[PDB]
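Data block below; observations after.
Chain naming here is simple, since letters A, B, ... match the order of the sequence lines and numbering starts at 1 in each.
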Amino acid sequence: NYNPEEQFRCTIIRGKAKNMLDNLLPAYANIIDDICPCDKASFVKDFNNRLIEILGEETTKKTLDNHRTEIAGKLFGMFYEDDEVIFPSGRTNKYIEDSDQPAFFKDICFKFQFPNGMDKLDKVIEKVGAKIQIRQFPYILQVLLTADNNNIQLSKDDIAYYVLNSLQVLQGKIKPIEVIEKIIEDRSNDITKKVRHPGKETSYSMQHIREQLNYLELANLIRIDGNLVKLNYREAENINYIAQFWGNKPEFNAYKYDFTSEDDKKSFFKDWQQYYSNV
DNA sequence: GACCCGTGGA
DNA sequence: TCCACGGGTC
């Protein structure tokens with residue numbers, strides 16, 4: 001049976017654009033749209049030179065680079081490479097046309113999965129090694145729906161401990177009602193569970209979990225009321241479109257690549273980006 | 001110095 | 001508390 005005591009830290013990339021998103025997301029998209037298509041060499045130079053206008057002249061090159069690769073590149077999936085040329089992604093193209101930010105993040109939540117090609121290779125191998133396989137946002141949404149169906153409300157710490165840091169859940173072995181019943185069982189016994197790591201600061205334990213919830217909120221699919229996570233039923237149709245895939249294996253199969261192969265390694269990251277960023 | 005994440009300003 | 005710079009460790 002479901003045992004959440006098997007805990008597993010499974011990160012997503014650390015954010016850089018939340019505080020200024022309403023400025024940075026248009027800037028990312030406009031920069032990429034303007035300067036692409038171009039060679040990788042030009043991309044790096046012109047992107048950084050345009051972004052520094054938004055972030056401030058004292059921004060280091062390292063920070064501009066990290067914005068480019070970690071956020072515009074991996075996490076938000078805003079460009080991709082084919083041959084030796086960089087192009088705007090399908091997600092970027094759509095946003096250029098509709099300016100729809102909740103749609104942008106709905107698409108991110110729909111496609112997000114563990115394992116993925118955003119992570120460093122060694123981290124990929126860890127997550128594959130632990131047999132992780134989940135579409136976490138469909139899963140989170142179904143957990144929230146099942147909690148409502150059973151007349152209980154979940155906290156961020158509940159989602160953190162029982163879902164996004166639970167090995168068995170992340171392995172796709174667990175039904176949302178199992179999670180809900182366990183939570184009810186624990187609560188009756190006066191047991192409240194939080195994600196904890198010895199000697200570590202809260203950001204280590206929780207930032208990637210909170211930020212995953214942030215992207216659901218940016219997608220307009222949930223609200224956060226104090227420590228509580230609540231569904232936005234004004235978006236009930238969109239909630240159900242995503243939640244329905246809670247029990248599906250990841251659309252992108254990380255497990256068909258041999259990471260000891262130089263060619264398979266390159267394909268992994270190329271195939272991931274294609275799946276995640278484009279139509 | 002290309003994600004990871006310690007660290008501390010906001 | 002939140003979250004992102006930029007050094008860390010690929």
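Each of B:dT7, B:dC3, C:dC3 was ranked by its minimum atom distance to the side chain of A:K120; first place goes to B:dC3. Relative to the side chain of A:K62, the nucleotides C:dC5, C:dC3, C:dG7 differ in distance, and C:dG7 lies closest. Checking B:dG6, C:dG7, B:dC5 against every side-chain atom of A:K123, the shortest atom distance belongs to B:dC5. The side chain of A:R9 approaches B:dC5 more closely than any other nucleotide in the set B:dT7, B:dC5, B:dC4.
With ring centers used as reference points, A:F252 lies 6.0 Å or more from A:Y276.
Judged by distance alone, the side chains of A:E235 and A:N232 never bring a donor and an acceptor atom under 3.5 Å apart.
Between C:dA4 and A:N19, a contact under 4.0 Å exists linking OP1 or OP2 to a side-chain N or O. Considering only side-chain N and O atoms, A:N214 lies under 4.0 angstrom from the phosphate OP1 or OP2 of C:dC3. An OP1 or OP2 oxygen of B:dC5 is reached within less than 4.0 angstrom by no side-chain nitrogen or oxygen of A:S203. Taking only side-chain nitrogens and oxygens, A:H208 never comes nearer than 4.0 Å to OP1 or OP2 of B:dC5. The shortest distance between the side-chain N/O atoms of A:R14 and the OP1/OP2 oxygens of C:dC5 is not below 4.0 Å.
Checked for salt-bridge contact, A:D34 and A:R50 meet the test: a charged N lies under 4.0 Å from a carboxylate O.
For the pair A:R68 and A:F79, the cation-pi criterion (under 6.0 Å, within 45° of the ring axis) is not fulfilled.
Along DNA chain C, the nucleotide nearest to A:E58 and the one nearest to A:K156 differ in position, and the one closer to the 5' end is contacted by A:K156. For the pair A:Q207 and A:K74, nearest-nucleotide mapping onto DNA chain B gives the more 5' position to A:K74.
Residue-level contact check: A:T63 touches the bases, meaning some heavy atom is under 4.0 Å from a base atom.
Separating the NZ atom of A:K16 from the P atom of B:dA10 is a distance of 18 Å, rounded to the nearest angstrom.
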